[PDB]
Amino acid sequence: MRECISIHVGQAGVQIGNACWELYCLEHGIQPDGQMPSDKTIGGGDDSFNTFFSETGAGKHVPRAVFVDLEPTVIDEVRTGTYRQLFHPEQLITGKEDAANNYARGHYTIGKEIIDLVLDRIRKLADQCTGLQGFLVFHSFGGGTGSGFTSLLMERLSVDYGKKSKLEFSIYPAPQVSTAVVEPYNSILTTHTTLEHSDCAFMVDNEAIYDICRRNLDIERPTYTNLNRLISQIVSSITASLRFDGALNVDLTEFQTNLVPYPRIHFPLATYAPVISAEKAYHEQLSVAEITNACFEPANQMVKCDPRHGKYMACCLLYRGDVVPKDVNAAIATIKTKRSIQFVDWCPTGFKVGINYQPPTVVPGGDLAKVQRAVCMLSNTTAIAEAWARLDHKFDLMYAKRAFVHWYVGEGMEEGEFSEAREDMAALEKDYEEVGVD
Amino acid sequence: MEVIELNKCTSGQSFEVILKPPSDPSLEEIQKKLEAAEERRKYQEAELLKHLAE
Amino acid sequence: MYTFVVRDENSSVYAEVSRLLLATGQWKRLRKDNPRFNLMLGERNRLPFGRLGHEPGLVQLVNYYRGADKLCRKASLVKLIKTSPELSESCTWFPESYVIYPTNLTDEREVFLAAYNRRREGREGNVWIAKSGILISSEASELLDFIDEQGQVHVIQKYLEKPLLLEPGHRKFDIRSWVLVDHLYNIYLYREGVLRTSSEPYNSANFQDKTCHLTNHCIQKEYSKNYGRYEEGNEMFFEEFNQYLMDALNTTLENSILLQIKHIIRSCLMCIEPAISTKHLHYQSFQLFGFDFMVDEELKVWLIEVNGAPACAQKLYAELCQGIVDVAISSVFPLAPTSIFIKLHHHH
Amino acid sequence: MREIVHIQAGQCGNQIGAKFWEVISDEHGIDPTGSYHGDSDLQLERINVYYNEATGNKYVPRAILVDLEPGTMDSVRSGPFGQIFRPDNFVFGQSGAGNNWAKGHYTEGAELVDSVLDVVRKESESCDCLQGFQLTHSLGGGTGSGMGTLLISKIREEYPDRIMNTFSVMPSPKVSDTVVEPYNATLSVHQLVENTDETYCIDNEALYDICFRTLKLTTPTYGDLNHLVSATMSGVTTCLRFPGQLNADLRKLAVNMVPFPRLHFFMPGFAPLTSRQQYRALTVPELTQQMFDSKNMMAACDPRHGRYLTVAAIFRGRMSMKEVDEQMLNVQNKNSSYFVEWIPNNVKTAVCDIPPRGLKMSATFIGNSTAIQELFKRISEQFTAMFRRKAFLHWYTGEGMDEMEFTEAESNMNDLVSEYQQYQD
Ligand SMILES: Nc1nc2c(ncn2[C@@H]2O[C@H](COP(=O)(O)OP(=O)(O)OP(=O)(O)O)[C@@H](O)[C@H]2O)c(=O)[nH]1
Ligand SMILES: Nc1ncnc2c1ncn2[C@@H]1O[C@H](COP(=O)(O)OP(=O)(O)CP(=O)(O)O)[C@@H](O)[C@H]1O
Ligand SMILES: Nc1nc2c(ncn2[C@@H]2O[C@H](COP(=O)(O)OP(=O)(O)O)[C@@H](O)[C@H]2O)c(=O)[nH]1
Ligand SMILES: CCC(=O)Nc1ccc(S(N)(=O)=O)cc1
Ligand SMILES: [Ca+2]
Ligand SMILES: [Ca+2]
Ligand SMILES: [Ca+2]
Ligand SMILES: [Mg+2]
Ligand SMILES: [Mg+2]
Ligand SMILES: [Mg+2]
């Protein structure tokens, strides 16, 4: 057994982190007080769920998690929330004033003065690990902390934990819920400085989660709670292999081996199905082919884009519930003959499949309905480059006038870091084009 | 349409289907960057105070 | 008030659509870079489809289907027909074609020579045409040497040695059909087609002079000496052509030709529908296509190519452009007949 | 605990500041004696932003009252909520400023500024984490204008990394006390260009036109004008006073509204503005249409003459947040010619559940529009009509000022106009 430490940075990271550990607990039968009746080894053990939870003598199962935010209001909810008892105070770190949606403020001005403290708190968690695999880092692109401080933390982690893997869950900015005009600046600044430090990153576009909540869940004006409950279902599907017995994606390294043959192109597209409204009278349970086929519909992708006009480099199918290999292979054959699935010529045309028999756990009172089987597809498509193009375009629009640049220079960042970061993105878009288009 | 590496356990199973074959900065360098930005901030604030002193 | 942008100043078609839209008083034109638009009249090449459908509260529509180039490219069309089971390599309405890459760059050189050597040995007509600047010849050595001197992908297809010749004149011709596909992937065929005719007598013993062999409107108007003799602008419309087929051949345009054209249009567009449909997409597409057909002396119709950005006959701009506004634009953005199109039903 | 320190200076500044605390004190459930008597927890959620909590559960505003004569502040102390202000926070002289910018900035004001900074420093030393400052004043007088901008200059020196915010009343010949108001306004504007992060431009002409034409007030008074300022000050500060995420912070607001350091002068707007047909329900479409109409704008500038760099909208009350987004997106998508296309998504919308007193719902408008240059153009032309004849300058040279300082202020404001002009094309 090898441990995984989760790091939640900024409001988006912390609130999403709160929704995941809530879900993890329901999945592993852990109560709010940390007790786990099914764990017959009191005060220790090296089971699969131990990769995310440690144990105390009293029998408490404590997440291997750190919450960091430069402002205390979001993390104060964790201290007095339903799962206030899971974490001890060392795990929750809060400053006094945030980064004001300013990358340079989170990375430099405020980051420099708190980075050593965060590392110390992470070091404490690492010292409980007998074979640490790496880190899962949750953060937003658009926030000043999520963007600016995260890239600083990733740089130091690559220094203090050289041979450790680092995966990201990043929130791509969407105006329908965005609260800052400069989020394109922050997203591109944080991608540039984090690109060489992240082994695999799962981008979630708020626009997609928003439209899924309105379309499938019939929520006219989704809230962050609605968004986070859905995001933690996808996240849970991606991390289940690390928390349960299995043979696929058993450690963080396998994520890079199976999803990222080229290092810079490490942003797999996530697709999830089905998402059924709990308020529904009673839905007809979908088959393996129907939910598998849904994985190739833009409507349930974590980032709206057209995989028909890209090339696949890898494809993982992660099933949960009543599913048998016979039915997966049958559906896949049917999809090949109907869908436009093009693989890069230097990669095999195949699908790694993982099946966990336990169906998705739904949060009591949540919005999602209980389903008998669900799937999350992870595919590395060049089509996700549409998201970089969108973002790089908005960047070009504002930077052409130097709009808002003085806020960043005022925090000690050199203006040349803008163009340096933008040129890196231009090289990233060129990489996708060289792999996907003929 | 081949199925390889089928692994089964109590809580699930996993396999692979192949349809078709194929065809950093050091700790010192980070402190400099951080201290460089801190110095540019100090310089700008010194000019602002110099301006206010005039 | 609906909004639209214009990113192709050379499109004679949507230049008229833009004029009509503004004439309704319910459409406002924005600068070509304003992202808050309902309708994009986009550029031809490198249209940024990836930036469409991400504006909160705007139903966005574009006049091009992403991925339709597979059908509107010389080499692409050949590859599509030979590899798509819906069309099959035995497709009976597409001339035998081969994708030939110049030797300075898969490639179907030897595959072409095999079929070529087979015809040469069988005493059959062995005249081919190379295009991508066109060369017509009966010797394979000349066709291949012509492509190697260039630097772009070319296609060699069988030349229709027995074309239907209009009389008087003994002259060649082609047929242009305009087809509009809306956001729901309904296939509408404009009731009005144009025959682009050659004003020169078809001479089968001299492929060097390509004036009587190429029916392009610009060639006849530049290298032909009988331009506009038999019909204005070498453009015979369906009414005249139909009356001709009756007087001379004792048949109708519908029975002898139009059924085959409607069948070809369906097969081509239905084939690529799963690849370009915008049914479940965050934005919507529609596109105008110009199909070019050949008619042989047996009254069999052959597909020559498909044009993704076609022009229109001067006489038919008003009717067709208005039709584009009715079925393609107002269908998604309504305003506060006897349709001019022919709907080609099919199974989606 | 992100505290804001409030400062009100001069006649106009103290009369508008008094009404402001009167309004928001009611919205937060604070009675004239500082005791809380509300019925919603949202009232206290962010109470410490503007109020200090004393013994016995008393809430004392974090406000400092400054003037060079006692008159106006005696009225405040005897006014409705006069007893709620900290007695030690009344800092005043006896000389007056005679509507003289030099007296407030260089002579009379200099003698009093240090004692004002002693109270400011006292309020800040008790803040867990001070955000910044907000100043209410006029630009046409002597104390609020001349000493107000002096206070800002000295506060920025002691707190260089805190946000400086001001509500600035621009003079107008239609609602004028003296002919030297353009002199005082031109001199202050230069100070504000340099030493504020956010300035809400409030033109007394717009306030007058609204009272006369829209509100149908035959003979408007300063009190009527201050009713509009109260409601506007309450609207623009909602993001700071109640739970939220859009803006909700002086620095975060600046980062979203100020694309260039000197262009930080905002046009505020409010809706509804009804004449006493006052009980009718106001729909979301109506709230939006009015909030963007120039007749609801308090800078007296036609927005259709310029372009919005950034916009911040705040809707108050129980309403359809879905229907809010639709109407907002309808205004942007129906007039996209008046928004710069090089700042994507530059229109942000915020919702608040607590509506103002006596209204089912309302909308407040904050715009960073290039049309604001019309305001500085008027002031500049009035300045030059007198300065070219050196008219009325002896009042200022008698206080030690030189003509050169006037020429520089003139040029500095014409540069500001030219700066807005380039971004309008
Ligand atoms: N899905 C989701 N997105 C969020 C959540 N919270 C914030 N965001 C998004 O994150 C972006 C803003 O960044 P934040 O994380 O809130 O800012 P921050 O990291 O706290 O940094 P500062 O507040 O500037 O110090 C916006 O695009 C929001 O839409 C959340 O709980 N769930
Ligand atoms: N296989 C074939 N047999 C006989 N004639 C042919 C032929 N292929 C092309 N042609 C002749 O060439 C002309 C069409 O050329 P083609 O369409 O390939 O060039 P082009 O695409 O630049 C013209 P456009 O796109 O405007 O229709 C027709 O008039 C036809 O007579
Ligand atoms: N809106 C408003 N404007 C005022 C009020 N009192 C004065 N003014 C304006 O303020 C300017 C005079 O400044 P004033 O505050 O009286 O001088 P000060 O006391 O030295 O700061 C003139 O332009 C007046 O029109 C008021 O109560 N409300
Ligand atoms: C700028 C305007 C101004 O200073 N007015 C002013 C000042 C003093 C006096 S007196 N004569 O000393 O009472 C009269 C008028
Ligand atoms: Ca155990
Ligand atoms: Ca590394
Ligand atoms: Ca004195
Ligand atoms: Mg934050
Ligand atoms: Mg062509
Ligand atoms: Mg006065």
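Convention: sequence-line order gives letters A, B, ...; per-chain numbering from 1. Side-chain atoms are counted along with the backbone in the values below, which use heavy atoms only and exclude waters and symmetry mates. Each ligand, and each atom within it, is numbered from 1 in the order the structure gives.
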Show the numbers, then the answer: is there a side chain to side chain donor-acceptor pair (under 3.5 Å) between D/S234 and D/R357?
CA-CA 11 Å; D/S234 175; D/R357 181 63 96 105; over 6 Å; no
Report the residues that fulfil side-chain contact (heavy atoms from CB on, under 4.5 Å) with D/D302, sequence neighbours left out, ordered by chain and then residue number.
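Counting only residues at least two positions away or on another chain, D/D302 forms a side-chain contact (heavy atoms from CB on, under 4.5 Å) with D/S294, D/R304, D/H305, D/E374.
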Polar-atom distance check: [X] versus ligand 3, any N or O pair below 3.5 Å?
X	value
D/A9	no
D/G144	yes
D/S176	no
D/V175	yes

May I ask you to check whether A/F52 and A/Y24 place their ring centers less than 6.0 Å from one another?
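Yes, they do, as the ring centres are separated by less than 6.0 Å.
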Atoms in ligand 3 with a heavy atom of [X] nearer than 4.0 Å:
X	result
D/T143	18 (P), 20 (O), 21 (O)
D/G10	19 (O), 21 (O)
D/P171	23 (O)
D/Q11	15 (O), 16 (O), 18 (P), 19 (O), 21 (O)
D/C12	2 (C), 3 (N), 4 (C), 5 (C), 6 (N), 7 (C), 8 (N), 10 (O), 15 (O), 26 (C), 28 (N)

[atom] [closest protein heavy-atom partner, distance rounded to 0.1 Å]:
atom	answer
atom 9 (C) of ligand 3	D/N204 ND2, 3.6 Å
atom 13 (O) of ligand 3	D/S138 OG, 3.0 Å
atom 9 (C) of ligand 4	D/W395 CZ3, 4.1 Å
atom 27 (O) of ligand 3	D/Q15 NE2, 2.6 Å
atom 8 (C) of ligand 4	D/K103 NZ, 4.0 Å
atom 28 (N) of ligand 3	D/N226 OD1, 2.5 Å
atom 2 (C) of ligand 4	D/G98 O, 3.1 Å

I'd like to know if atom 13 (O) of ligand 4 has any protein heavy atom within a distance of less than 4.0 Å.
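Protein heavy atoms within 4.0 Å of atom 13 (O) of ligand 4 - there are none.
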Does atom 5 (N) of ligand 4 have a protein heavy-atom neighbour under 4.0 Å away?
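Under the 4.0 Å cut-off, atom 5 (N) of ligand 4 does have protein heavy-atom neighbours.
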Check which protein N, O or S atoms are less than 3.0 Å from the Ca ion (ligand 5) and report how many there are.
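Total protein N/O/S atoms under 3.0 Å from the Ca ion (ligand 5): 7.
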Which bit of D/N99 gets closer than 4.0 Å to ligand 4, counting heavy atoms only: side chain, backbone, both or neither?
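Contact part for D/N99 vs ligand 4: backbone (N, CA, C, O).
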Verify ring-ring contact (aromatic ring centres under 6.0 Å, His included) between A/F49 and A/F53, making sure each step is shown before the conclusion.
CA-CA 6 Å; A/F49 68 91; A/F53 295 86; 7.2 Å; no
Selected option - heavy-atom contact closest to atom 22 (C) of ligand 3, from D/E181, D/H227, D/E69, D/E205
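It is D/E181 whose heavy atom sits nearest to atom 22 (C) of ligand 3.
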Full working for side chain to side chain donor-acceptor pair (under 3.5 Å) between A/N50 and A/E55
CA-CA 8 Å; A/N50 284 123; A/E55 305 176 26; 2.9 Å; yes
